[PDB]
Amino acid sequence: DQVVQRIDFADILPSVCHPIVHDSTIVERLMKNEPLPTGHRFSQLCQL
Amino acid sequence: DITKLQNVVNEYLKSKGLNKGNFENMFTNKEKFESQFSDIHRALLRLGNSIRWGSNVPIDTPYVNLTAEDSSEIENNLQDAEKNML
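Residue numbers (PDB author numbering), protein chains in the order written: chain H, 434 to 481; chain g, 87 to 172.
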């Protein structure tokens, strides 16, 4: 029904402030086991 | 003679066969560029392939080459040059 309903960052907190967002473990594992870039990006990106 | 050897041998072997070391061929193109200090850095890494072809099942060996007395005489010649560049 035509009720004005409002959403905020204070309302979004219980889904954005969870520790599984702020973990790095799964991102580290997946970006590790993902295959490496190619040669012509590899000269540009993986050098430092 | 460094340009003739590095051009003719290194790039053309790694292009004619074993097409994986073209990143190292870009490195040896920058070695052909006049950045000698950084160029001679990782001469170990571009020596390891010569170790792989001089002796089968590649190991790490000493940096100077295969013959022992020639290996010592190279270092004697390099000390002679370092004392007298002229």
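Think of the CB as a built atom: it goes at the ideal place given N, C-alpha and C, for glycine as much as any other residue.
Same chain, Cβ closer than 7 Å to g:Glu161, five either side skipped, listed in chain order: Position 75 of the second sequence, counted from the first residue, corresponds to residue 161 of chain g. Taken in chain order, the residues that qualify are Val150.
Determine, using beta-carbon pairs with one atom in the stretch 96-114 of chain g and one in the stretch 123-133 of chain g, whether at least three such pairs fall under 8 Å. At 8 Å Cβ cutoff, the stretches touch.
Answer yes if the stretch 91-101 of chain g comes into contact with the stretch 112-122 of chain g, meaning at least three C-beta pairs across the two stretches below 8 Å, and no otherwise. Taking 8 Å as the limit for Cβ pairs, the verdict is that the stretch 91-101 of chain g does touch the stretch 112-122 of chain g.
Hey, g:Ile137 and g:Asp125: beta-carbon distance below 9 Å or not? Here residue 137 of chain g refers to the residue found at position 51 of the second sequence. Here residue 125 of chain g refers to the residue found at position 39 of the second sequence. No, they are not a contact pair.
What residue range is occupied by the uninterrupted alpha helix (DSSP H) comprising g:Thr147? Within the second sequence, numbered from 1, the residue matching residue 147 of chain g stands at position 61. It is not in any alpha helix (DSSP H) - g:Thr147 carries neither H nor E in the DSSP assignment.
Would you call the CB atoms of H:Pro470 and H:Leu481 closer than 9 Å? Within the first sequence, the letter at position 37 stands for residue 470 of chain H. Within the first sequence, the letter at position 48 stands for residue 481 of chain H. Cβ distance not < 9 Å, so H:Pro470 and H:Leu481 don't count as in contact.
Check H:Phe442 in the structure and name its three-state DSSP category. Numbered from 1 along the first sequence, position 9 holds the residue referred to as residue 442 of chain H. DSSP places H:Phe442 in helix when its eight states are reduced to three.
Looking only at its chain, what residues have a beta carbon closer than 8 Å to the beta carbon of H:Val436, apart from the 5 residues adjacent to it on each side? Within the first sequence, residue 436 of chain H is the residue found at index 3, counting from 1. The answer is none, since no qualifying residue turns up.
Just to confirm, are g:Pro144 and g:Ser157 a CB contact at a threshold of 9 Å? Taking the first residue of the second sequence as 1, we reach residue 144 of chain g at position 58. Taking the first residue of the second sequence as 1, we reach residue 157 of chain g at position 71. Contact flag unset, no.
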